[PDB]
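Data first, discussion second: the structure below is written as structure tokens.
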RNA sequence: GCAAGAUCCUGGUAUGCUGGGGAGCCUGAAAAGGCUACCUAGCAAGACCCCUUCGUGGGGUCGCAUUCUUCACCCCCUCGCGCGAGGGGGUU
DNA sequence: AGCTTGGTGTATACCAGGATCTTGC
DNA sequence: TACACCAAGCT
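In this note's numbering, the protein residues as written are 8 to 1112.
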């Protein structure tokens, strides 16, 4: 049922938002906007302070779980070892706290004479060492741990500091001895510091390492006269550690042979493959042409790089030695860094590096492993390559040789060269078998060997393949849903155009750096701007600000000449002229004195001058290096040294710095990933052209096509000067997608060039046939956008998180409160009962027919009964019997014999009861703990419809009216809301506004509000769908930094956010015509009751099933 | 040649929270309370598998990602002649 | 009494490396 | 951060 029409797909990708569009076309002019929508996503971010994604949090949790499991396993193994040695470990309870430290001190300074006492103290010490073994590099083997200096430098400096502090000395200076003596002398001391808290100095300031614990164990065993065998056994058992292993299903399959997994660089196959490649890439001149070298010479130079144990031969020692040529300047096509004095020739040519390193180490340890020498020299080369591949990649979870541990230990710690080439071992062997004989190159060998075409390329990823990047995966999922829906509606797109603006391969730390840079921008220049306005300057120009910042930092100092100068004498000079590859940046400038100004003469700066009098080098940069960071100025310490080093690099250059290149239109991992997936979609489906642009382009297109978001969506001017910012509304992303749909690479290049020329300062109109064709073929886009916005079709949506996964409870466990049965019980005390069975028994006690609990918190509901005996399933509670209580009157669950608060709410089942004229509404706020304790985090259950038992924290803390209504039974569930649902009230808007809500709606009459949380049992938190909260936050930071800068409407908007509309449910859900809109991928409200979340009206929503 | 950085992944560490203990200090001194440490067990709820010790308890992996859960249709891939497990899409 | 208002607690740090891709003249 | 909870103000 898909009707094919001509249309193009415009995609604007941002940092938290993706804009999408589908514009029909007739004759290269936009005919009709089929669908437009802006999608807001979290970027996969689960933790807001750090910005770490949900995938990272899951990985950290799983890693901590595995750590604890392995720690338990190895501690049990140590307990078994201590049982075998007859040493009693440290008991759990009834033990002095300092017994472990006292035992370690006594064992490490004195020799115990009593046998059973010695064994007991040794067990205590060994258990306490294995529980607190310290830190060690995980890759290091136990042997490599033992090779470390004993004791470590860190513990040595800790010893020296503590000697200078406590003025005591104890031989040997172990951590156990001194910590035990501290615990005896000064109790309450901290052995290791804590980040958060009053001024006390701890015992050890630097984290203790595993080698210090090993050294103390060795000292203890030596002074007690223990045999070296049990010393080795307890060292192995205490410091047991799983090997860091890269798991399978993580290394990519070979594109040529997907069944066979890829191969490392250390494989001898790749070694000789790279040798043959380096030989063959040399275009030997022959007959005044680039003829290939002969087969005899090719074989000679191929073999010549396989019999060197070191880096002996070099690149310059190939042409005149083995290539058999009489001149060294006949060689071209070298893939090296071009440079004078034969820079690409002196460096060493690649060889068999794995064999070289292996043979070098073998010659160094001929005595230790002669069997490996035999198996390495007198064994066939294919099995040698197999064994090299085995030894190169043994650091993977999932050794076919089955040797005793003693022989392979000298080889297990030996690491072959790292890295991972793009080809597998089987594929490389098959290629190199049919490469050294036919005398062909890499391309021909690949084309011929596996029967692939000349145009055959490694397959592009499909739209259903996850990229592994959080932001890119979010944008890609939204894009693939939009594109699939658009394809099934109006056929394949005629073309696809995509633009992404920053926010790629950047991490919150990049966001912090950019915000610090702009804060420095707008704060450092204010001093000079005030100085100029006091002087009386009325010409605000950025170049003036830059030169005056240079004046403030440098005190107007021509350093090459002297000659003190002032504001009237600056003469802004460029280190690199615009004619030799220069740009008006903040690093190319230099303060000049007239004499030190025109002496450059287009020559490289500080290059023609240094070989002359009155001006010299080697001393100016000596002062640039010592330029200490000024604490109040633009170039902050995170970038001051960067700017210093960039200036130093630009100062000493003797040739030009190429070149005046523009953006290369593709640099990001997100860019290449999205382009490859869209190209794969087009090749599979039939898209003519796919382009992925940068910037910084659609802004210029909107500027030159006369598109204004403020005029389009009727948005007031938040700023006192000019109009509202481009980012104030959220539909501007979809507007940019619509405008992107028109763009083509040529007109995009022209617009980008015009922007680059303009910002180097007016205004200059672009002039090209392509630009004119675009402009007069897109004059009706303004009318189309006006008609679309006035129809209220451009939507802003957020995808739903419906999967019941995440943290089930708050991470902090809490102590149970405790309460007697036969006392006076309040409603809050009834609600804090931990055990469900006694909870239901008390519910029956207050009222036998009551399925739930309906009590006010502070209301007294139970007197003190001296005969109150409660019958249970397996026990009875006397009047004096005690009952566990949750510590606070909020949602909590029982985990590991403690109390944990419930996490954020997954959803909130909407309950509506009463008359049809005006029914009441209440929310049953449900978190993950409520589904967990109800046994619902399983397969084949509907987490939005399956009921929760009354003892759950959700039903415990429901509103009293809801509890009574559902107790009567008339309260049914009409629907559910999740954080991110939008509320579409209708044309009228919000009729129940009051106070600051009314003041906000005075300027912003939104009809679309997004459910952003459920703060208590009677209220729902809503935010406006079409407004950007980040813009409100930057308004806040501007008004709190700069006063008298915003419009009254801007102040009102900034005051509304970020709490927004903390809205009572009874006032929100009572609006007639309210719709909870679940949009499709295209941005259209879904209304068919299919197998996907559909829109519903709370006033007329029907009961389930 | 041209390093990085980002995304994770694997293995560790210290603190902390809860439960059990106590070295010191402070109250009550009639008795059991607090504080700073330190010791010890656990650190998502749990699911599945191996058991024989058929029950009594011990071992192995998975469990906070893929934002429309579950159900339902379609598509791709894998163990696999039907279909168990991974993904993807679903127009208003 | 039933709304609106503001202020706040929340488990936090580290480490050392393995793939993957890009950079850039 | 930012959301669920907990102190209120006050009309």
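Ideal Cβ placement from N, Cα and C applies to all residues, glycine included.
I'd like to know whether the C-beta atoms of residue 272 and residue 357 end up nearer to each other than 7 Å. On the first chain, position 265 is the one that residue 272 refers to. On the first chain, position 350 is the one that residue 357 refers to. The answer is no: Cβ separation not under 7 Å.
Given this structure, state the Cα-to-Cα distance separating residue 436 from residue 382, to the nearest angstrom. To locate residue 436, count along the first chain from 1; it is residue 429. To locate residue 382, count along the first chain from 1; it is residue 375. Rounded to whole angstroms, the gap between the alpha carbons of residue 436 and residue 382 is 21 Å.
For residue 913 and residue 189, I'd like the C-alpha separation in whole angstroms. In the first chain, the residue the question calls residue 913 occupies position 906. In the first chain, the residue the question calls residue 189 occupies position 182. Their Cα atoms are separated by approximately 50 Å.
In terms of residues, what are the limits of the alpha helix (DSSP H) holding residue 712? For the purposes of this step, residue 712 is identified with residue 705 of the first chain, where counting begins at 1. Per DSSP, residue 712 belongs to no alpha helix (DSSP H) and is neither H nor E.
Cut-off 6 Å between Cβ atoms - residues of its own chain near residue 898, not counting five sequence neighbours on either side: Here the question's residue 898 lines up with position 891 in the first chain. Same-chain partners within the cutoff: 909, 960, 964.
Under 8 Å, with one C-beta from each stretch per pair, do the stretch 342-353 and the stretch 291-310 reach the 3-pair mark? Counting Cβ pairs under 8 Å, fewer than three are found: no touch.
Spell out a yes or no on whether the stretch 883-893 and the stretch 826-841 are touching, meaning 3 or more CB-CB pairs, one atom from each, closer than 8 Å. yes
Given that a residue counts as buried once 16 or more other Cβ atoms are within 10 Å of its Cβ, and exposed if not, what is residue 1086? Stepping through the first chain from its first residue, residue 1086 is reached at position 1079. The residue is buried, with at least 16 neighbouring Cβ atoms inside 10 Å.
DSSP on residue 18, reduced to helix/strand/coil? Against the first chain, residue 18 aligns to sequence position 11. DSSP places residue 18 in strand when its eight states are reduced to three.
Using a 10 Å radius around the Cβ and a threshold of 16 neighbouring Cβ atoms, would you call residue 1074 buried or exposed? Start at 1 with the first residue of the first chain, and residue 1074 comes out as number 1067. Around the beta carbon of residue 1074, a 10 Å sphere encloses 16 or more other beta carbons of the protein chains shown; the residue is thus reported as buried.
For residue 276 versus residue 353, is the C-beta spacing smaller than 7 Å? Looking up residue 276 in the first chain gives position 269. Looking up residue 353 in the first chain gives position 346. No, these two residues do not count as a Cβ contact at 7 Å.
Restricting to Cα atoms, I'd like to know which of 736, 497, 596, 468 is closest to residue 688. For this step, residue 688 is matched to residue 681 along the first chain. Answer by Cα proximity: 468.
Within the stretch 856-934, ranges of the beta strand (DSSP E) (whole runs, at least 3 residues): 867-869, 889-892, 899-902, 905-909, 912-920, 927-934
Suppose only complete runs of 4+ residues qualify. What are the alpha helix (DSSP H) ranges in the stretch 61-99, listed by chain order? With a minimum length of 4 residues, the continuous alpha helix (DSSP H) runs that stay inside the stretch 61-99 are 61-92.
Who pairs with residue 1028 in a beta bridge, going by DSSP? Along the first chain, one-based indexing puts residue 1028 at 1021. Answer is 1020, 1069, bridged to residue 1028.
Candidates 1070, 1054, 14: closest to residue 502 by CA position: Here residue 502 refers to the residue found at position 495 of the first chain. Out of 1070, 1054, 14, 14 has the C-alpha closest to the C-alpha of residue 502.
Judging by CA-CA distance, which residue of 602, 583, 623 is the nearest neighbour of residue 653? Looking up residue 653 in the first chain gives position 646. Selected option, being the one with the closest Cα: 583.
Alpha helix (DSSP H) segment containing residue 296, residue limits: Within the first chain, the letter at position 289 stands for residue 296. Premise fails: residue 296 is in no alpha helix (DSSP H) and is neither H nor E.
Using a threshold of 7 Å, state whether the C-beta atoms of residue 417 and residue 369 are closer than that. Your numbering for residue 417 matches position 410 in the first chain. Your numbering for residue 369 matches position 362 in the first chain. No, Cβ-Cβ distance for residue 417 and residue 369 is not below 7 Å.
State the Cα-Cα distance for the pair residue 800 and residue 400, rounded to the nearest angstrom. For this step, residue 800 is matched to residue 793 along the first chain. For this step, residue 400 is matched to residue 393 along the first chain. Going by the C-alpha atoms only, they are around 57 Å apart.
Buried or exposed by the 16-neighbour rule on C-beta atoms within 10 Å, applied to residue 607: On the first chain, residue 607 is found 600 positions in, with the first residue counted as 1. Burial call: buried.
Between residue 16 and residue 31, is the Cβ-Cβ spacing less than 7 Å? As a working mapping, residue 16 is identified with position 9 in the first chain. As a working mapping, residue 31 is identified with position 24 in the first chain. For residue 16 and residue 31, no; Cβs fall outside 7 Å.
How would you label residue 610, buried or exposed, when you count the other beta carbons within 10 angstroms and need 16 or more for buried? Mapped onto the first chain, residue 610 falls at position 603. Result: exposed.
Give me the DSSP bridge partner(s) of residue 726. Along the first chain, read from residue 1 onward, the residue named residue 726 stands at position 719. Answer by DSSP bridge pairing, in chain order: 1053.
Out of 112, 949, 692, 953, point me to the one whose CA is closest to residue 11's CA. As a position in the first chain, residue 11 is number 4, starting the count at 1. The option with the nearest alpha carbon to residue 11 is 692.
Per DSSP, residue 987 is paired with what? Numbered from its first residue, the first chain carries residue 987 at position 980. Bridge partners of residue 987: none, in fact.
Alpha carbon to alpha carbon, how far is residue 65 from residue 71? The sequence position of residue 65 within the first chain is 58, counting from 1. The sequence position of residue 71 within the first chain is 64, counting from 1. The alpha-carbon atoms of residue 65 and residue 71 are separated by roughly 10 Å.
C-alpha gap between residue 766 and residue 754, whole angstroms: Sequence index remark: in the first chain, residue 766 carries index 759 (1-based). Sequence index remark: in the first chain, residue 754 carries index 747 (1-based). Roughly 18 Å separates the two Cα atoms.
Report the rounded CA-to-CA distance for residue 244 versus residue 260, giving the unit in angstroms. In the first chain, residue 244 corresponds to position 237, counting from 1. In the first chain, residue 260 corresponds to position 253, counting from 1. When rounded, the distance between both Cα atoms is 38 Å.
Check the DSSP bridge columns for residue 736 and list the partner residues they point to. Here residue 736 is taken as the residue at index 729 of the first chain, counted from 1. 1034.
What is the residue span of the beta strand (DSSP E) that residue 46 lies within? Indexing the first chain from 1 puts residue 46 at position 39. Per DSSP, residue 46 belongs to the beta strand (DSSP E) from 37-47.
Under 7 Å, do residue 795 and residue 743 count as touching if we go by C-beta distance? The residue labelled residue 795 in the question sits at position 788 within the first chain. The residue labelled residue 743 in the question sits at position 736 within the first chain. No, these two residues do not count as a Cβ contact at 7 Å.
Taking the alpha-carbon of residue 791 as reference, which of 8, 36, 143, 90 has the nearest alpha-carbon? To locate residue 791, count along the first chain from 1; it is residue 784. Comparing Cα-Cα distances from residue 791 to each of 8, 36, 143, 90, the minimum goes to 36.
Given residue 162, which residues of its chain have a CB within under 6 Å of its CB, disregarding the five upstream and five downstream residues? Along the first chain, read from residue 1 onward, the residue named residue 162 stands at position 155. Once the five neighbours on either side are set aside, the close Cβ partners of residue 162 are 219.
Residue 819: first and last residue of the uninterrupted beta strand (DSSP E) it sits in: Here residue 819 refers to the residue found at position 812 when the first chain is read from its first residue. Counting along the chain, the beta strand (DSSP E) containing residue 819 begins and ends at 816-821.
Cβ-based burial, residue 866 [other Cβ within 10 Å; buried from 16]: Position 859 of the first chain, counted from the start, is the residue given in the question as residue 866. Exposed, since its Cβ has fewer than 16 Cβ neighbours within 10 Å.
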